[PDB]
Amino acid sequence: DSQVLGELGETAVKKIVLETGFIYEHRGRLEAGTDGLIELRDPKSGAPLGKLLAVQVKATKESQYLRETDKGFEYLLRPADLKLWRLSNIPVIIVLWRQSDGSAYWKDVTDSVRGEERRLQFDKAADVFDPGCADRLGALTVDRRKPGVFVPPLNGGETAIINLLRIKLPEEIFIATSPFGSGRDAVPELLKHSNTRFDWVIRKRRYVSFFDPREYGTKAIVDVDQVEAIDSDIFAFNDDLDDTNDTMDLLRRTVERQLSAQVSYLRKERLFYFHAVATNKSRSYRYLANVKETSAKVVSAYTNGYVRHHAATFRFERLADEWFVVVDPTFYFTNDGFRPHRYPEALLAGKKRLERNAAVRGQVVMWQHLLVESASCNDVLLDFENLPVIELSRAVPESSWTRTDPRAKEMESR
């Protein structure tokens, strides 16, 4: 009810503002009205001029203001509403609108933005808000290029996505001792058998995996009589440094196998990267950004030369008895799609220099899509869960900035 009524008052005020020779820009909502900006308009070209006046509309249906007669009335100001302009150094006017009579009254309230003058005095004769106020409002505007003046962020806020995906572990994890001290020592024994797989950890003679080691070739590298299935809640959520470190290690190797159709792992660089399928040939990955499908050239060959692969760093972090995977996008460069380039650092700095927000955000969405997608039907031990969006209390005025910031193009992802 408050919302609709506010859009009614804003629409009435917006209609007058356009007749008066100004541009109206909506900014946010208020208790009973709206928050907006007024800008002077070139009468012929319609172009913005750069002179600003903040406007707050308060609307009411058929209600009488304080101590109202036929000659004037009084009004009590809302400090939280005026506080959105506390440091902007932009002048503010309030415009009171009523649905019964259709009356619009306005008053300059900059002095109440920085003080405690809450009692307003209105004179229905001189305080009328209508197209005849062009000269009065124009004299109240401030230049956008006056030192200390800035447009504040939007009070309605916006959403944002995090680079964290919740991991859902299986209920059981397999404990064992091993003849080998580390997995590095156990691999040559494992390769001597068949039915092999590498999503397991052996550190300090202890073995961990989400699959049963006795049902695969891993039986040759474990003490079979000491294999034991425990509740994965106890292993993955305790205070023991050895256990949390081995959980992070097992989570990574499990992820490595689960995503092996699309990406491979680089041990030295600690990087997951979309591998090539043919030398000197590009390929794309199809994922869902928002409600629309989109393609990213995860392997991009530049014919002779080098081949650029979409890469990412995975960190597994525990937050309040839950495990999460963090995705940090980057790139990896080969000479032909497989052979590593002998000077990759130079190429990474080249692509990273031009990276902007939209591109980085899109890579996070794509990598998070690849993680969640591998749990459904593409052997699958980990499920991944998207987090709710973050509700930020203040939003970047991008729409305003794309007009006014001379560097708005430098922010675009080429």
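The first residue of the sequence shown is number 1, and the count goes up from there.
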Residue 378 to residue 379: deposited residues not modelled, binned count -> 10 or more
Counting residues of the deposited sequence that sit between residue 195 and residue 196 but have no coordinates, the total is none
Mean B factor on CA atoms, stretches 123-131 and 292-300, record says higher is 123-131
Stretch with higher mean Cα temperature factor, 23-31 vs 353-361, is 23-31
Note to self: of 145, 281, 214, 253, the C-alpha temperature factor tops out at 214
Among 235, 314, 285, 331, the highest C-alpha B-factor in the PDB entry belongs to 235
Residue 368: CA B-factor among chain residues, third -> lowest
Split the chain's modelled residues into thirds by Cα B-factor; residue 114 lands in the highest
Sorting the chain's modelled residues by C-alpha B-factor and splitting them into thirds places residue 36 in the middle
In terms of its chain's C-alpha B-factors, the third that includes residue 308 is the lowest
Sorting the chain's modelled residues by C-alpha B-factor and splitting them into thirds places residue 80 in the highest
